[PDB]
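Survey of secondary and tertiary structure
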Amino acid sequence: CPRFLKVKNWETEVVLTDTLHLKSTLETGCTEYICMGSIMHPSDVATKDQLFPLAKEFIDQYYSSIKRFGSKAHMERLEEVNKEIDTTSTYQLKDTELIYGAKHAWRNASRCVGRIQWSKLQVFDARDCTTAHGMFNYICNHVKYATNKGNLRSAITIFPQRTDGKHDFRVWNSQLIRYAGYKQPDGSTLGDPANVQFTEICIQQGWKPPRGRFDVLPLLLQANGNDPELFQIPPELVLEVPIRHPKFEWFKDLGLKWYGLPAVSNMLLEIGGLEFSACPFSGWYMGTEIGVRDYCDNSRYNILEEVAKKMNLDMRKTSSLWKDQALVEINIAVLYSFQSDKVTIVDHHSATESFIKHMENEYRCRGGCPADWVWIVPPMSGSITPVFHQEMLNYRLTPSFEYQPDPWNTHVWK
Amino acid sequence: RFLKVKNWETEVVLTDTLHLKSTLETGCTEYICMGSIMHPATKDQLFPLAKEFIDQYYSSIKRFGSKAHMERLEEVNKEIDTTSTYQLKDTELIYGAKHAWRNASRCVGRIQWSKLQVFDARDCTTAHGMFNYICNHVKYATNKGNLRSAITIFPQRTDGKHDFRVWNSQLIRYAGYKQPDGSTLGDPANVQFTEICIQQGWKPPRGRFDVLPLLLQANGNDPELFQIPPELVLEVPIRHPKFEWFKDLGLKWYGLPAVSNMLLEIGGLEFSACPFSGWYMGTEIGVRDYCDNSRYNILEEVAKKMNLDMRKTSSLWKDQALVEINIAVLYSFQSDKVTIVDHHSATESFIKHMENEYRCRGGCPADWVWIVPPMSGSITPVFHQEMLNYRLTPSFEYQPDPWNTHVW
Ligand code: HEM
Ligand code: HEM
Ligand SMILES: CCOc1ccc(-c2ccc3c(C)cc(N)nc3c2)cc1CN
Ligand SMILES: CCOc1ccc(-c2ccc3c(C)cc(N)nc3c2)cc1CN
Ligand SMILES: C[C@H](O)[C@H](O)[C@H]1CNc2nc(N)[nH]c(=O)c2N1
Ligand SMILES: C[C@H](O)[C@H](O)[C@H]1CNc2nc(N)[nH]c(=O)c2N1
Ligand SMILES: [Zn+2]
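Each chain carries its own residue count, beginning from 1 and running in the order its sequence is written; this scheme need not agree with the entry numbering, and residues with no coordinates do not appear. Labels are handed out in written order, letters beginning with A for the chains and numbers beginning with 1 for the ligands. Side-chain calculation: all heavy atoms of the structure are included, whereas hydrogens and water are not.

1. Structural notes on the environment of B:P257
All names here are of chain B.
- Strands are runs of DSSP state E lasting at least 2 residues, helices are runs of H or I lasting at least 4, and numbering of each runs from the N terminus. Counting through the fold element by element, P257 comes out in the loop between β11 (252-254) and β12 (258-259).
- The spacing of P257 and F154 is 103 residues in sequence and 19 Å in space, taken between C-alpha atoms.
- In this description, contact between two residues means that some pair of their heavy atoms is separated by no more than 4.5 Å. When sequence neighbours within four positions are dropped, the list of residues in contact with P257 reads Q170, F276, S277, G278, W279 and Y280.

Okay, here's the thing in structure tokens:
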């Protein structure tokens with residue numbers, strides 16, 4: 001690499017200079033001769049000697065941020081951690097470092113358009129948790145807090161870190177709140193097709209399914225390497241929104257609703273070499289996540305045709321753009337419904353405008369902002385949002401959120 | 001290693017081996033991805049490039065290592081020695097131009113790549129001659145609405161002071177004017193070019209859709225102005241199948257998309273004038289040309305006549321207006337029997353093209369950022385299609401705008 005890299009916005013001609021990319025850590029999958037920018041996931045513990053430089057890197061960074069770099073406290077903190085690694089093969093983050101790391105993993109999340117909010121994250125320290133019941137307790141408190149009767153607040157709950165890899169804490173759910181999917185014998189799918197596999201695991205562990213279209217899944221929670229356990233989220237904690245349209249009376253007749261709180265629970269949080277395998281986090285929805293993907297993906301709820309039929313569109317040509325017309329109304333309904341019920345939501349125009357402002361500010365104050373164009377650009381109306389025209393650099397900074405294998409493919413059953 | 005690409009909607013997985021044959025750089029590194037950056041020889045360097053190309057050509061016709069193959073190499077070697085350059089056989093030129101299209105990672109239309117009419121204009125010596133070839137091209141490609149893919153190839157670069165250039169970015173494009181009050185009349189993307197043409201003697205009608213003159217440079221001389229015979233320029237008035245008031249907007253567009261400012265690289269040879277043309281995907285006009293902020297910017301006006309709530313962005317009034325404009329564009333072209341393709345059919349075809357290419361070639365370079373349409377992305381099949389991007393040659397390359405380089 002060279003020291004400086006420029007990016008240009010083709011709509012406004014603004015040019016930004018990236019220096020932060022020099023602090024890049026892991027690989028991207030790309031080389032000089034091939035780019036993997038549209039590959040979803042490009043490509044057991046760590047040793048003592050693997051861990052010293054990783055912890056030091058994070059500690060320096062942290063003390064650099066609080067304007068105390070090379071201080072007495074900095075050096076004493078380093079001495080402490082180095083001994084702890086030497087005598088236990090791991091170490092413990094202070095409460096302040098854990099909070100710094102969690103906020104910075106969000107800040108460094110190149111596929112997140114919502115990062116203008118990164119510094120307003122409520123961090124719940126759950127490192128004292130020992131059992132699955134305890135996890136359930138922590139998670140209920142998270143959901144209630146974050147939901148806040150519609151006034152959603154971003155939060156993250158962090159469970160104890162990996163030790164030897166045989167005592168992992170995991171949320172088996174991919175999100176804290178999701179709807180169930182039931183593969184029918186006739187090949188059809190009732191509910192959310194994305195969650196069919198997880199639903200079956202839940203039923204096997206003893207879940208009694210209502211077998212409806214929008215059944216909130218049970219939490220499946222694993223503590224300290226033990227077999228996972230099922231708990232029902234109290235229903236009064238799950239905020240939902242029926243979907244209606246500001247002009248089409250019949251839209252309520254489709255019987256659609258969604259949950260208010262998006263809370264991913266299957267990713268891994270990496271801070272200074274430590275691996276927090278259970279770290280559910282939540283913010284609020286962008287309209288299209290629900291309106292476009294969850295509702296109109298062919299392999300999700302796939303309602304485009306049924307909506308188009310009631311709109312009385314011509315559906316035999318594709319050049320009538322009947323799909324495109326229905327899609328827009330669907331997203332109008334979603335936004336209308338959330339707004340009317342005073343539940344926090346952002347439309348893709350507002351969110352993308354905010355990200356550009358956020359990204360410019362990060363370039364001035366931080367020397368860059370990793371961003372994944374393929375993910376940052378919304379799934380509809382791409383070129384009429386300002387991110388479409390913005391050049392972006394992608395690279396991996398630490399602390400960070402990573403993907404991790406599904407726990408059922410790994411778990412050694414007790 | 002072999003690499004896999006998965007379509008997440010159909011779960012189809014293809015295996016890429018073609019990338020191993022790639023030789024040009026992409027712009028990325030192991031640490032930084034530049035997938036969304038728009039723009040990331042002497043005797044000595046020339047023969048290996050020449051040899052590589054001739055090798056792959058004779059490979060393509062199943063005569064690799066033949067007598068003809070060796071003799072061709074010897075011929076190209078001796079010619080590079082004695083002249084510092086070499087000339088391509090007619091067949092090599094046609095193979096070359098088709099494969100530059102085939103390798104064009106940003107092009108969603110490559111299912112058509114081997115159906116390409118190639119006009120060899122390498123005997124051309126003057127701007128007038130260029131004008132001639134270009135009119136013949138436009139007439140052939142337009143074909144009274146039944147558009148036919150073509151490219152016209154002018155003489156290759158030599159010492160770099162005798163370049164052939166088409167100064168237009170496209171053969172047919174509308175003028176753009178800087179108004180006294182600051183606004184722009186017409187296409188803002190062409191305001192600078194329009195000013196260069198007026199500086200050179202062009203008398204502008206100063207309307208919203210004025211077809212620009214050709215500005216042709218031959219052998220490195222000052223460019224010259226030419227008027228395309230108006231009977232060769234096919235245009236479509238844009239009207240809407242439900243909204244009768246839409247014609248009142250007075251929008252039109254030209255039928256023939258003909259990019260003329262790029263460089264064709266074959267076997268180490270640089271062709272700096274090589275205008276090529278196909279037909280439009282609707283969104284190119286109905287999303288980008290009409291609704292970009294820096295373009296004609298008509299969303300607001302259309303949403304007015306649709307009488308939508310334009311106070312909040314969360315009414316998605318822009319999105320609604322946008323779909324209607326693209327309905328109008330498709331509807332108008334089809335009613336005028338002018339070849340056009342909607343982004344659903346075109347992305348569907350590309351997925352099928354990928355399938356064929358992985359089968360017969362062991363891969364297909366594709367730029368996901370450019371292949372996904374600028375509206376309704378995830379309801380087209382390419383959104384969910386993983387792609388590998390890498391640079392194969394022959395290729396189309398960007399080159400600097402001529403006015404930054406030329407000395408008059
Ligand atoms: C508060 C408002 C937020 C908004 C509007 C928002 C928006 C989004 C969207 C739209 C995506 C892409 C999801 C998709 O299309 O599939 C995304 C990705 C992501 N976000 Fe945010 N998000 C928010 C909060 C957060 C928070 C609080 C965190 C972490 C503390 C976070 C971390 C991430 C990560 C790690 C991804 C990438 C997920 C992946 O790799 O699949 N986000 N965000
Ligand atoms: C026949 C119908 C064709 C269709 C529907 C088509 C479609 C497209 C589209 C939609 C783009 C993206 C343009 C943009 O969004 O700005 C594109 C780019 C491109 N097309 Fe095709 N194309 C066709 C024919 C051709 C031909 C005949 C050639 C050359 C022989 C060609 C070479 C290219 C190249 C090199 C690009 C990339 C432009 C760049 O890198 O700046 N296309 N095409
Ligand atoms: C393609 C499926 O993969 C994802 C898709 C979306 C997200 C994700 C993750 C976090 C979010 C958050 C925190 C807020 C929000 N509005 N949307 C979010 C979306 C995560 C993942 C990772 N499993
Ligand atoms: C800054 C954007 O640059 C481009 C974008 C698109 C194209 C292009 C090039 C050829 C096309 C062809 C041949 C057909 C078609 N329908 N669209 C085409 C579009 C060229 C260029 C290069 N001037
Ligand atoms: C193939 C492609 O990489 C994949 O479908 C991506 C494209 N961009 C995306 N962008 C967002 N925000 N979310 C996604 O799930 C995806 N999916
Ligand atoms: C920043 C980004 O690379 C740039 O705006 C690209 C994005 N994708 C595109 N895709 C197409 N087909 N045409 C374009 O001009 C662009 N512009
Ligand atoms: Zn890359």
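2. Notes on the coordination of the iron atom of ligand 1
- For Na, K and Ca the donor cutoff is 3.2 Å, while for all other metals N, O and S atoms count as donors only within 2.8 Å; water does not appear among the atoms, so some sites may look incomplete. Among all protein atoms, only A:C112 (SG) binds the iron atom of ligand 1, sitting 2.3 Å from it.
- Relative to the elements of secondary structure, A:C112 occurs in the loop between α3 (95-107) and β3 (122-125).

3. Thoughts on empty space enclosed by the protein
- For each structure, a 1 Å grid was placed over the protein atoms alone; sets of points admitting a 1.4 Å probe that cannot get out are labelled cavities, open sets with protein on both sides within 12 Å along at least five of seven lines are labelled pockets, and lining residues have an atom within 4 Å of a point. Grid points are joined across faces, edges and corners, and a volume is the space filled by probe spheres set on the points. A volume near 110 Å³ is recorded for the largest cavity.
- Forming the boundary of the largest cavity are 16 residues, of which A:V377, A:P378, B:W368, B:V372 and B:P373 lie nearest the centre.
- When residues of the lining of the largest cavity are traced back to their parent elements, those giving at least two are α10 (373-376) of chain A together with α10 (368-371) of chain B.

4. Here's the deal with the side chain of A:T199
All names here are of chain A.
- Take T199: it is sitting in helix α5 (residues 196-204).
- Under the scheme applied here, a residue whose accessible area is under 20% of the maximum for its type counts as buried, over 50% as exposed, and between as partly exposed, the area being computed with a 1.4 Å probe on protein chains only. Overall, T199 belongs to the buried group, its relative accessible area being 1%.
- Excluding residues within four positions of it along the chain, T199 makes contact with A180, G181, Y182, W207 and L217.

5. Regarding the packing of aromatic side chains
- Stacked, edge-to-face and tilted are the three classes for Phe, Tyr and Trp ring pairs, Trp counted by its six-membered ring, which pair at centre distances within 6.5 Å; planes under 30 degrees apart are stacked, over 60 edge-to-face, the rest tilted. Within this structure, the stated rule accounts for 43 aromatic pairs over all chains.
- Between A:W250 and A:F251, the ring centres sit 6.0 Å apart and the planes meet at 35°, which makes this aromatic pair tilted. Of the two residues, A:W250 and A:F251, both sit in the buried class.
- Considering the side-chain rings of B:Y290 and B:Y296, the 6.2 Å spacing of their centres and the 80° angle between planes classify their relative orientation as edge-to-face. Here B:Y290 matches B:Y296 in class, with each residue buried.

6. Some words on the interface of chain B and chain A
- Each partner contributes residues to the interface: chain B has 61 residues there, and chain A has 62 residues.
- Note on definitions: buried area is the accessible-area loss of two parts on being combined, 1.4 Å probe, summed for both. The contact between chain B and chain A buries some 5300 Å² in all, and 61% of this surface belongs to carbon and sulfur atoms.
- Criterion for a salt bridge: a side-chain nitrogen of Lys or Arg within 4 Å of a carboxyl oxygen of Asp or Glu. In this structure, the connection of chain B to chain A is made through 0 salt bridges.
- Any N or O atom pair separated by 3.5 Å or less is treated as a polar contact, with the protein-specific requirement of one donor-capable and one acceptor-capable atom, and with residues adjacent in sequence counted only for side-chain atom pairs. At the junction of chain B and chain A, the tally comes to 29 residue pairs in polar contact.
- Only β1 (3-6), α6 (282-291), α8 (317-335), α9 (343-360) and α10 of chain B provide two or more residues apiece to the side of chain B that touches chain A.
- When residues of the side of chain B that touches chain A are assigned to their parent elements, the largest contribution, 10 residues, is made by α8(B).
- Per-class residue counts for the side of chain B that touches chain A are 27 nonpolar, 23 polar and 11 charged. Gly is put with the polar residues, along with every residue not named as nonpolar or charged; the nonpolar set is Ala, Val, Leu, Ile, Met, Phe, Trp, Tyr, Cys and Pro, and the charged set is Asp, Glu, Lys and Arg.

7. With respect to the packing of helix α6 (residues 287-296) of chain A against helix α8 (residues 322-340) of chain A
All names here are of chain A.
- Between α6 and α8, whose axes approach to 9 Å, the crossing angle comes to 130°. The angle between α6 and α8 falls in the class oblique. The hand of the α6/α8 crossing is right-handed. Every residue of α8 that contacts α6 at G287, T288, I290, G291, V292, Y295 and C296 is listed here: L327, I330, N331, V334, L335 and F338.
- The class makeup of the residues in the contact of α6 with α8 is 9 nonpolar, 4 polar and no charged. Fitted lines through C-alpha atoms give the axes, limited to the stretch in contact for helices. The angle between two N-to-C directions lies from 0 to 180 degrees. In this scheme, roughly parallel covers angles under 35 degrees and roughly antiparallel covers those over 145, while 65 to 115 is roughly perpendicular and the rest are oblique. The sense of a crossing depends on the near helix, which, turned anticlockwise from the far helix by less than a right angle, makes the crossing left-handed and, turned clockwise, makes it right-handed.

8. Section: the site of ligand 3
Residue and element names in this part refer to chain A.
- Residues are labelled near a given molecule or strand when at least one of their non-hydrogen atoms is within 4 Å of it. Around ligand 3 lies a shell formed by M40, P262, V264, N266, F281, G283, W284, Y285, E289, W375 and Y403.
- Contact distances for ligand 3 include 2.6 Å between a nitrogen atom and a backbone N or O atom of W284.
- Interatomic distance of 2.6 Å between a side-chain N/O atom of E289 and a nitrogen atom of ligand 3.
- Accessible surface is estimated by sampling points in the Shrake-Rupley manner with a 1.4 Å probe; for residues, cover comes only from the protein chains shown. For ligand 3, whose accessible area on its own is 520 Å², the fraction buried by protein is 63%.
- Source of the domain bounds: an automatic or database domain assignment. Built from parts of two domains, the shell around ligand 3 gets at least three residues from each of domain 1 (18-127 + 154-164 + 268-282 + 352-376) and domain 3 (240-262 + 285-350).

9. Notes on unusual backbone geometry
- Residue A:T398 is joined to A:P399 through a cis peptide bond whose omega torsion reads 0°.
- Looking at the element boundaries, A:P399 is found in the loop between α10 and β16 (400-402).
- Cis geometry marks the peptide bond from B:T393 to B:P394, where omega comes out at 5°.
- With respect to the helices and strands, B:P394 occurs in the loop between α10 and β18 (395-397).

10. As for the site of ligand 6
- The local shell around ligand 6 consists of A:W373, A:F388, A:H389, A:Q390, A:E391, B:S36, B:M38, B:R288, B:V369 and B:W370.
- In this structure ligand 6 sits where residues from chains A and B come together.
- Within the backbone of A:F388, one N or O atom sits 2.9 Å away from an oxygen atom of ligand 6.
- The separation between a nitrogen atom of ligand 6 and a polar main-chain atom of B:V369 is 3.3 Å.
- Burial of ligand 6 by the protein chains amounts to 86% of its free accessible area of 390 Å².
- Here the residues of the shell around ligand 6 sort into 5 nonpolar, 3 polar and 2 charged.

11. Comments concerning a negative patch on the surface
- The grouping of A:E27, A:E32, B:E25 and B:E30 at the surface amounts to a negative patch.
- With respect to the secondary-structure elements, B:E25 resides in the loop between β2 (13-16) and α1 (43-60). Residues forming no salt bridge and having over 30% relative accessible area are the ones grouped into patches, like charges within 9 Å of each other and nonpolar side chains (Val, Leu, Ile, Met, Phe, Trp, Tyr) within 5 Å. Only four residue types enter the tally: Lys and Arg on the positive side, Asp and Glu on the negative side, with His and both chain ends excluded. By convention, charge coordinates are those of NZ in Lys, CZ in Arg, CG in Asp, or CD in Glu.

12. Considerations on the sheet that holds strand β15 (residues 276-277) of chain B
Residue and element names in this part refer to chain B.
- By definition, two strands form a pair when at least two bridges between them are found by DSSP. Strand order in this open sheet of 4 strands is β3-β4-β15-β12, and the pairing throughout is mixed. The open sheet has two edge strands, β3 (117-120) and β12, and neither has a second partner.
- Helix α3 (residues 90-102) contacts β3 and β4 (150-153) of the sheet and is inclined by roughly 130° relative to β3.
- Here helix α4 (residues 127-142) sits on the sheet in contact with β3, β4 and β15, set at roughly 170° to β4.

13. With respect to the coordination of the zinc ion (ligand 7)
- Within the protein, A:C30 (SG), A:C35 (SG), B:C28 (SG) and B:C33 (SG) serve as the donor atoms for the zinc ion (ligand 7), at 2.3 to 2.4 Å.
- For four-coordinate sites, all angles between 85 and 135 degrees define a tetrahedron; for four- and six-coordinate sites, opposite donors beyond 155 degrees with the remaining angles between 65 and 115 define square planar and octahedral shapes respectively, and all other cases count as irregular. For the zinc ion (ligand 7), the 4 donor atoms in the first shell make angles of 101 to 118° at the metal, so the coordination geometry reads as tetrahedral. Linking A:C35 in the loop between β2 (15-18) and α1 (48-65) with B:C28 in the loop between β2 and α1, this pair reaches from one chain into another. Considered together, A:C35 and B:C28 belong to a single accessibility category, that of buried residues.

14. Considering the packing of α1(B) against helix α2 (residues 67-83) of chain B
Residues and elements named next belong to chain B.
- Put simply, α1 and α2 touch, their axes get as near as 10 Å, and they point 160° apart. In terms of orientation, α1 and α2 fall into the roughly antiparallel class. Remark: the crossing between α1 and α2 carries right-handed chirality. Together, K43, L46, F47, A50, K51, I54, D55 and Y58 of α1 and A68, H69, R72, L73, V76, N77, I80 and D81 of α2 make up the contact between the two elements.
- Partitioned by chemical class, the residues of the contact of α1 with α2 number 9 nonpolar, 2 polar and 5 charged.

15. Description of the environment of A:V387
All names here are of chain A.
- Residue placement: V387 occurs in the loop between α10 and β16.
- Of the residues examined, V387 reaches a relative accessible area of 0% and is grouped as buried.
- Note: C-alpha distance between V387 and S354 (33 residues apart in sequence) is 9.8 Å.
- Setting aside residues up to four positions removed in sequence, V387 forms contacts with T352, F355, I356, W373, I376, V377, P378 and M392.

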